[PDB]
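Side chains included, hydrogens not; waters and symmetry mates left out as well; all remaining heavy atoms used. Proteins get letters first, then strands, A, B, ... in listed order; numbering begins at 1 in each.
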Amino acid sequence: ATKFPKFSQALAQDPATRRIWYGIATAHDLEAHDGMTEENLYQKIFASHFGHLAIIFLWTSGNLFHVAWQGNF
Amino acid sequence: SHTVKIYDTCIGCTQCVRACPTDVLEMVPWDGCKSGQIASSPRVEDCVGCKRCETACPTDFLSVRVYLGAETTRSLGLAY
Amino acid sequence: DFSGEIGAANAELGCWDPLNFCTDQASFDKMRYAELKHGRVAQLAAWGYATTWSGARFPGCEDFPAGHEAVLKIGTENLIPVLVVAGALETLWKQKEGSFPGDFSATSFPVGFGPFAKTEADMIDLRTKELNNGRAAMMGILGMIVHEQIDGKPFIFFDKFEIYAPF
Amino acid sequence: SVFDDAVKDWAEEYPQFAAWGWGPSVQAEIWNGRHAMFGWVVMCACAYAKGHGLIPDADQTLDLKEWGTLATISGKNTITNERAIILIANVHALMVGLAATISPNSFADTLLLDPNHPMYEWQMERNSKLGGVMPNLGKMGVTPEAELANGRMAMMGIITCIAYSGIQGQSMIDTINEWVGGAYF
Amino acid sequence: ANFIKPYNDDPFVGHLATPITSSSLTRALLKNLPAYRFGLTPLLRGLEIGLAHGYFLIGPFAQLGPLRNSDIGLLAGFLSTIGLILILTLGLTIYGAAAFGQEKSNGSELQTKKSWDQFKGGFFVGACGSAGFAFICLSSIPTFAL
Amino acid sequence: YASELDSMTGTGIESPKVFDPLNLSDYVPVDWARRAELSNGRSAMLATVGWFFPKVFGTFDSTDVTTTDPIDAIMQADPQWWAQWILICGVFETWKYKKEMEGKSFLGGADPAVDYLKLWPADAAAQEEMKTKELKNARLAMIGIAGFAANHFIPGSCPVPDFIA
Amino acid sequence: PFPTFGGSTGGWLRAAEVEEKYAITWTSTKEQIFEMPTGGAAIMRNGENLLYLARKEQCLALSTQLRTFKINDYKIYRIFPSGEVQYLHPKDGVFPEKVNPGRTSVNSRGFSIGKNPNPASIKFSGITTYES
Amino acid sequence: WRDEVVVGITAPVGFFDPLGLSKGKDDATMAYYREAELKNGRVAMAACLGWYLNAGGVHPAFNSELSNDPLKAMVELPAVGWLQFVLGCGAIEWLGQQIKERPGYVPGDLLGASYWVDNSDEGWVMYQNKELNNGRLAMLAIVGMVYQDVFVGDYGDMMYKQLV
Amino acid sequence: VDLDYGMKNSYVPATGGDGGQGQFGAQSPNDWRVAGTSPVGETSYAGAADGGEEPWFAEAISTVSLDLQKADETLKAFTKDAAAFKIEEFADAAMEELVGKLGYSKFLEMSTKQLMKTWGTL
Amino acid sequence: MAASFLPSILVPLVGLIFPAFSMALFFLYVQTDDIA
Ligand code: CLA
Ligand code: CLA
Ligand SMILES: CC(=O)O[C@H]1CC(C)(C)C(=C=C/C(C)=C/C=C/C(C)=C/C=C/C=C(C)/C=C/C=C(\C)C(=O)C[C@@]23O[C@]2(C)C[C@@H](O)CC3(C)C)[C@](C)(O)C1
Ligand SMILES: CC(=O)O[C@H]1CC(C)(C)C(=C=C/C(C)=C/C=C/C(C)=C/C=C/C=C(C)/C=C/C=C(\C)C(=O)C[C@@]23O[C@]2(C)C[C@@H](O)CC3(C)C)[C@](C)(O)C1
Ligand code: KC1
Ligand code: KC1
Ligand SMILES: CC1=C(C#C/C(C)=C/C=C/C(C)=C/C=C/C=C(C)/C=C/C=C(C)/C=C/[C@@]23O[C@]2(C)C[C@@H](O)CC3(C)C)C(C)(C)C[C@H](O)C1
Ligand code: SF4
Ligand code: SF4
């Protein structure tokens with residue numbers, strides 16, 4: 001938890017390039033992270049869901065903008 | 001470091017200890033079986049996780065179990 | 001006299017004498033006197049050859065050939081005064097006894113290290129430059145003459161020097 | 001004040017960047033003010049050179065077969081000569097700035113506050129001294145206080161020029177010209 | 001009789017002294033390169049290395065880049081070389097940050113943060129200046145005819 | 001201004017006390033500032049001579065540069081010349097570095113980095129006189145090259161004799 | 001007391017200098033060729049032999065090979081860069097495959113492998129089923 | 001120096017200095033002489049091989065346009081090629097001088113073979129002798145071939161072509 | 001010589017899926033992440049060997065050795081508890097009799113009754 | 001200034017500058033020894 005990934009002591013102490021790869025691949029498995037509680041798990045998921053919905057609306061707004069600006073609608 | 005556990009079905013055949021390439025295991029006195037000895041893993045810091053010990057174990061199911069965990073230089077078998 | 005003198009090839013080779021012409025100090029002193037004299041004459045010779053050959057004449061002699069042809073075409077009456085002047089000079093330079101060969105500071109008219117040198121290192125450096133330019137100019141006049149008598153361009157990449165003189 | 005609380009909270013939210021002097025720091029204020037002043041010089045030069053037509057073939061576009069696709073704006077329509085020329089002048093200035101950022105000398109005011117640079121302590125002292133709403137009229141001439149004040153004035157002028165040009169529905173060059181009493185065009 | 005022996009008379013180190021690793025040519029060359037040469041300031045090591053690299057880096061861009069057949073091909077090659085030098089300088093900067101940390105360096109050895117910053121700056125200047133020098137040299141190529 | 005300026009060469013009679021009205025010596029250290037003053041001044045001495053030398057005394061016998069304009073000669077000169085000029089300046093800078101590493105000085109110290117005419121005396125006061133003369137002529141030449149350039153770009157800004165303007 | 005070996009590229013690397021190194025010593029009763037685990041053949045000396053290796057597994061492979069020579073006195077140490085040594089093998093002077101009084105059992109679980117608890121029963125505790 | 005050197009002394013003539021050009025020369029001077037003998041010999045060996053290749057017609061560079069006569073191809077080669085040749089040899093020579101400053105340097109030993117073997121070994125002395133003798137022969141051969149090409153006009157083989 | 005020198009590392013064992021530091025420590029107490037090679041006259045890291053005129057191969061020079069005396073002494077130090085156990089079960093002077101009569105390694109290897117047999121001789 | 005200029009302005013910023021700085025920042029973050 002002193003190096004990346006801070007959510008996994010076991011990975012943060014690996015001295016190989018593996019530490020990087022696994023960190024990236026385990027970032028969204030919030031149940032397995034060090035010190036996770038159930039309440040914090042639900043709260044972090046809620047916030048991540050807001051982020052995902054923001055991404056969706058940005059994508060739709062971008063489709064609309066590019067058609068309006070550069071399309072032949 | 002990997003985790004190595006000995007369960008009480010061990011018959012003290014010493015085969016896992018002879019199989020270990022990094023000397024993780026040793027035989028210790030015990031009254032639970034006829035042979036009067038059980039396997040032990042006092043040096044799990046040197047376990048590479050090859051599972052030769054499990055291949056050598058004659059019980060059903062295994063009496064020695066290696067659970068792979070946090071990797072170190074020693075457990076990754078690195079000469080560098 | 002050896003590698004501690006002026007003109008040694010380098011520290012490792014020292015006094016470079018493949019033909020063993022320098023054995024004692026007397027032979028080396030005579031050889032160094034001859035070498036310094038030849039180098040001074042050859043510096044003057046290369047200067048004059050390059051000057052006249054590049055189309056430059058003194059008032060009175062605007063028709064004479066430049067190179068060694070100036071020793072076949074110029075009459076004896078113009079060559080002789082060089083001998084007279086050189087003889088007057090040969091009787092004039094006087095070597096200071098106790099100094100290096102070619103040290104003519106005992107000459108009647110004042111000669112020596114003037115404001116040019118103050119320290120011993122300065123005099124040694126100046127002497128080494130005089131000697132090195134003398135050796136280079138010996139080679140240079142020899143090469144000029146050979147290349148003129150071979151193909152006519154004493155300077156092998158160009159014919160005449162086009163001097164820049166602002167004044 | 002709101003200023004101290006604001007800077008402190010920003011540093012607490014972005015500590016890695018706040019370490020180097022990034023963000024709402026005195027260092028960033030100084031550097032951005034220096035750039036704003038130089039840019040006022042450049043913008044005035046551009047206005048003057050457009051008013052007097054000193055840029056060759058300003059409305060002509062660059063040759064596609066000469067500069068390639070990088071010089072295109074849309075399809076095969078290429079950037080004008082004037083825009084390319086202005087870009088190149090600013091590129092001269094940017095190359096100077098990159099040389100200064102990457103290879104500062106020991107007595108130089110570096111872009112970022114590097115603890116290993118020999119000017120770090122002097123920079124921290126100076127940056128601690130500067131601060132406040134009114135420029136220090138006690139300190140004048142070539143001083144950090146005057147430099148900070150003039151950088152602030154230049155950034156304010158840039159903001160006001162953009163806003164005034166927007167309100168009037170005109171170009172920034174037009175505003176620059178009409179603010180010097182039509183001295184350029 | 002035997003031109004291979006263990007490096008440093010140590011049979012168990014993973015290296016061998018061969019003519020490639022231990023010839024007089026190899027040793028003289030490597031000890032004289034600015035990355036190793038005794039007595040250089042880190043800035044001067046960086047400067048010499050940049051001068052060496054920027055000069056040759058312009059060639060591939062000038063002679064083989066997209067605009068090689070335009071009459072501004074040399075200028076485009078120089079710009080490409082400058083861009084490559086910027087990429088490399090970013091590499092050097094983040095390398096130094098990772099390898100040495102951000103604490104104040106306690107020494108003047110090249111393998112320290114302050115010295116590495118000096119070396120990186122020297123490299124950037126040397127490389128950009130060398131690319132410019134090569135641009136000048138390529139602007140007029142001498143035929144060498146009297 | 002800085003304290004070390006008191007023990008430095010550069011004050012004279014036209015300015016017997018340290019002249020630093022802007023206090024620029026709090027920013028540029030004195031060793032760097034003096035090295036740069038001498039570098040710029042020596043370059044300016046050469047520049048002041050070369051500004052007019054070909055116009056007054058004639059160019060060499062080449063057609064590479066037809067004009068005598070100091071500024072318009074830059075782009076007319078062949079780039080091979082400019083590359084070799086940069087090279088020779090780099091050789092000079094390398095010589096300066098190597099000489100200073102050898103315990104020699106190009107800043108009026110004891111053993112000159114470059115003295116080919118053997119004019120550096122062994123007396124501290126005589127050396128002080130020579131250093132003062134070099135610095136005075138350096139400042140004068142910097143002023144002169146600046147003035148020539150200003151009068152060239154902006155006629156009348158500096159009283160330059162029209163034949164060497 | 002190094003065996004007769006001409007060297008190889010398979011030996012130790014910077015880690016042996018900065019992280020850790022291993023040494024194996026043994027006594028041979030004659031000069032005999034053996035296989036280096038790092039590649040190639042070396043000649044044991046009559047008497048004491050010392051060999052440096054990058055990994056403990058290399059030392060143990062060499063010891064396994066020494067057993068085929070009837071050599072059982074080999075000792076294996078770990079050496080740190082500061083020069084501190086750890087005596088590693090055989091840890092108590094007795095081979096681990098031979099039961100020895102004074103050894104305590106480590107990592108035993110007093111049940112068969114099928115009695116470990118269910119994962120869903122220890123969620124968010126930070127433990128695994130095999131450690132609880 | 002004569003009671004120390006063994007390389008170069010070989011059969012027929014043994015030690016061969018009839019002119020006495022080695023008597024009374026210091027160790028530095030004789031080291032210079034050996035280094036020069038080796039360098040001239042090596043350059044002459046390379047020159048002989050290159051001349052033979054060119055004369056035979058195997059000169060495929062520049063679309064094989066250059067003349068088969070090596071002394072003509074010398075002048076048909078542009079200036080820049082000779083500049084590169086001279087400067088590259090100069091860089092090598094600079095490195096060789098750096099090597100020469102090193103202690104225990106054996107004259108002519110750029111490779112630094114002294115790190116592995118010395119003249120107490122018979123085969124190494126023998127191979128050094130092979131190099132030296134072939135160098136001497138190649139020096140004579142390059143001079144002779146240049147003579148035969150300049151004054152006799154023929155740039156090829158005049159000794160063994162007459163056999164076959 | 002400290003016996004826990006290996007254990008005094010910076011490895012912080014995780015709460016799950018981690019066997020921790022065993023009998024000697026999970027990892028070396030020395031940070032392996034050190035600098036690359038360095039110019040002539042300089043050292044890359046604290047205890048690095050000076051590669052002399054060849055610093056590029058400086059890492060091929062060994063500064064870590066095992067001299068036989070250190071080997072014997074650490075053998076005795078690391079097995080002091082096992083020898084203490086063997087004398088505790090066989091039964092100060094007696095241990096000095098046994099370990100000089102037959103050896104220290106042999107004393108470790110023998111059995112308490114066998115040592116009771118060799119103690120019969122004097 | 002016109003919006004039609006934006007691609008030739010923005011595309012090099014999105015496709016060259018932004019990935020380079022993002023990759024440098026991630027590299028620095030993964031090489032940091034004490035992040036919290
Ligand atoms: C891998 C094989 C390969 C090769 C040889 C090339 C070659 C080229 N590409 Mg292509 N390309 C490739 C694959 C390749 N490409 C791939 C996989 C893609 C993506 C699909 C592209 C997409 C692409 C585009 C979009 C463009 C090119 C272009 C080019 C040209 C200019 C590139 C340039 O200037 O780089 C610069 C090169 C360097 C800075 C260094 C080169 C390596 C040096 C010389 C090695 C030196 C080592 C030395 C000998 C070692 C010892 C030295 C001594 C110290 C001992 C060049 C002909 C450009 C072009 O216009 O083509 C005409 C262009 O616009 N390429
Ligand atoms: C500021 C320095 C400087 C620069 C950048 C130039 C640049 C130029 N000169 Mg000019 N010139 C200069 C000074 C300079 N000059 C000086 C001092 C003189 C009098 C000697 C001249 C006389 C001159 C003439 C007659 C001509 C030029 C011409 C030119 C152009 C072609 C290059 C050339 O052949 O010049 C030659 C330049 C020199 C011979 C300069 C002298 C070399 C330096 C000063 C020697 C210093 C070394 C010193 C003793 C030791 C260093 C000490 C230590 C630092 C190591 C080019 C634009 C040509 C042109 O096209 O004009 C239209 C041309 O025909 N120059
Ligand atoms: C009253 C009083 O105090 O008087 C004092 C005043 C003063 C002035 C201070 C003093 C002085 C010094 C003096 C007199 C200095 C004069 C020096 C002089 C006259 C020096 C010639 C050099 C030629 C060389 C080195 C070689 C050339 C040529 C070479 C190497 C060639 O290959 C020739 C060449 O043609 C070819 C063959 C091939 C071409 O491809 C190349 C060139 C073209 C080059 C004195 C002595 O103190 C006396
Ligand atoms: C109307 C009014 O108000 O005023 C007018 C007046 C005027 C004049 C018209 C105007 C002007 C222009 C100005 C002020 C021009 C000033 C020019 C100036 C001061 C020019 C110095 C050159 C130094 C050189 C060439 C040194 C070479 C020295 C060299 C190459 C060396 O080797 C150096 C040396 O030390 C060593 C290294 C080694 C020694 O062994 C040898 C020596 C000693 C040689 C203005 C601006 O219009 C104003
Ligand atoms: C003893 C060492 C030796 C050398 C160093 C040498 C060198 C050269 N030989 Mg000679 N040569 C032999 C020996 C040697 N040759 C032998 C034993 C025979 C009988 C088979 C023989 C016969 C021919 C024929 C028929 C020709 C010939 C040539 C060349 C020429 C081109 C070299 C190449 O490129 O392969 C170089 C100077 C050709 C020639 O002179 O062209 C104008 C040519 O036509 N050779
Ligand atoms: C540093 C890297 C390097 C490059 C990139 C390079 C490139 C070229 N070399 Mg060079 N070369 C060296 C290194 C390099 N060479 C070195 C260290 C030496 C001294 C041992 C050396 C010697 C010669 C000689 C004798 C010739 C020569 C040539 C060419 C030419 C061919 C194309 C052409 O010019 O048509 C191309 C551009 C020939 C030539 O230029 O003929 C007019 C020629 O004859 N080289
Ligand atoms: C008070 C505080 C609040 C705050 C606030 C508010 C309004 C803050 C205001 C922020 C706003 C007003 C800051 C503008 C700066 C102007 C920029 C830097 C100008 C750059 C100009 C320079 C960089 C550029 C110059 C060029 O471009 C030019 C000119 C020409 C080119 O040829 C050349 C160059 C590239 C050099 C919070 C934070 C909301 C909450 C907190 O609690 C309380
Ligand atoms: S997994 Fe391999 S190394 Fe670990 S105890 Fe079992 S046999 Fe030994
Ligand atoms: S764990 Fe298995 S192999 Fe090991 S002693 Fe027990 S029964 Fe035998």
Task: Part of I:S65 within contact of chain G (heavy atom distance under 4.5 Å) - done: both
Task: Between G:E17 and I:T63, a side-chain donor and acceptor under 3.5 Å - done: yes
Open item on the list: Let's test your reading of the structure: which of I:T74, I:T112, I:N30 forms the most heavy-atom pairs below 4.5 Å with chain G?
Closed with: I:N30
Open item on the list: Closer than 3.5 angstrom, by distance alone: can the side chain of G:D73 be matched with the main-chain N or O of G:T27 as a donor-acceptor pair?
Closed with: yes
Task: Structural part of G:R103 lying under 4.5 Å from a heavy atom of chain I - done: neither
Task: Ring-face cation contact, I:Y104 with I:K76, 6.0 Å cut, 45° max - done: yes
TODO: Verify whether the ring centers belonging to G:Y52 and G:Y22 lie closer than 6.0 Å.
DONE: no
- [ ] Answer with side chain, backbone, both or neither: which region of I:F24 has an atom nearer than 4.5 Å to a non-hydrogen atom of chain G?
- [x] both
Open item on the list: So which atom in G:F5 and which in G:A42 form the shortest heavy-atom distance, rounded to 0.1 Å?
Closed with: CD1-CB, 3.6 Å
- [ ] Hey, could you give me the NZ/CD distance between I:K117 and I:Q114, rounded to the nearest 0.5 Å?
- [x] 6.5 Å
TODO: May I ask you to name which of I:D18, I:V1, I:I61 has the most heavy-atom pairs under 4.5 Å with chain G?
DONE: I:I61
- [ ] Check whether I:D31 gets within reach of chain G through its side chain, its backbone, both or neither, counting any heavy atom under 4.5 Å.
- [x] backbone
Task: Interchain contact, I:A71 with chain G, by part (heavy-atom threshold 4.5 Å) - done: both
Task: Short side-chain to backbone donor-acceptor contact, I:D2 and I:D4, under 3.5 Å - done: no
TODO: Identify which of I:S62, I:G17, I:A77, I:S105 forms the greatest number of heavy-atom pairs closer than 4.5 Å to chain G.
DONE: I:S62
Task: Minimal non-hydrogen separation, I:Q21 against I:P13, with atom names - done: NE2-CD, 4.4 Å
- [ ] Give the member of G:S132, G:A23, G:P81 that has the highest number of heavy-atom pairs under 4.5 Å with chain I.
- [x] G:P81
Task: chain I contact via G:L13 - which portion, at a heavy-atom distance below 4.5 Å - done: neither
TODO: Below 4.5 Å from any heavy atom of chain I, which atoms of G:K91 appear? Answer side chain, backbone, both or neither.
DONE: both
Open item on the list: Side chains of I:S38 and I:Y45: any donor to acceptor distance under 3.5 Å?
Closed with: no
TODO: Return the option, out of G:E19, G:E20, G:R14, with the maximum number of heavy-atom pairs under 4.5 Å with chain I.
DONE: G:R14
TODO: Without swapping roles, check the side chain of G:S108 against the backbone of G:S105 for a donor-acceptor pair under 3.5 Å.
DONE: no
Open item on the list: Can you tell me which portion of I:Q23 sits under 4.5 Å from chain G's heavy atoms? Options are side chain, backbone, both or neither.
Closed with: side chain
Open item on the list: Does any backbone or side-chain atom of G:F80 lie under 4.5 Å from a heavy atom of chain I? Answer side chain, backbone, both or neither.
Closed with: both
TODO: Against chain I, label G:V94 side chain, backbone, both or neither, depending on which of its atoms sit under 4.5 Å from a heavy atom there.
DONE: side chain
Task: Side chain, backbone, both or neither of G:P90 within contact of chain I (heavy atoms, under 4.5 Å) - done: neither
Open item on the list: Given heavy-atom pairs under 4.5 angstrom as the criterion, report whether the side chain, backbone, both or neither of I:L68 touches chain G.
Closed with: neither
- [ ] Heavy atoms only, distances under 4.5 angstrom: which of I:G6, I:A14, I:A46 has the most pairs with chain G? Name it, please.
- [x] I:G6
- [ ] Count the heavy-atom pairs under 4.5 Å between each of I:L66, I:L3, I:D81, I:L108 and chain G, then report the option with the highest count.
- [x] I:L66
- [ ] Determine whether more than 12 heavy atoms belonging to other residues, nucleotides or ligands lie under 6.0 Å from atom CD of G:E48.
- [x] no
TODO: Using only heavy-atom distances, determine whether the side chains of G:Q32 and G:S28 contain a donor-acceptor pair under 3.5 Å.
DONE: yes
Open item on the list: Could you check whether atom NZ of I:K101 has more than 12 heavy atoms from other residues, nucleotides or ligands sitting under 6.0 Å from it?
Closed with: yes
Task: Side chain / backbone / both / neither for G:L50 at chain I, heavy atoms under 4.5 Å - done: side chain
Task: Which of G:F95, G:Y130, G:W12, G:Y87 touches chain I most, by non-hydrogen pairs under 4.5 Å - done: G:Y87
Task: I:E89 side-chain N/O to I:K86 backbone N/O, donor-acceptor pair under 3.5 Å - done: no
TODO: Considering only heavy atoms and a distance below 4.5 Å, find which of G:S125, G:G11, G:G83, G:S82 pairs most often with chain I.
DONE: G:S82
- [ ] Look at I:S28, I:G16, I:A82, I:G19 and state which one has the largest set of heavy-atom pairs under 4.5 Å with chain G.
- [x] I:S28
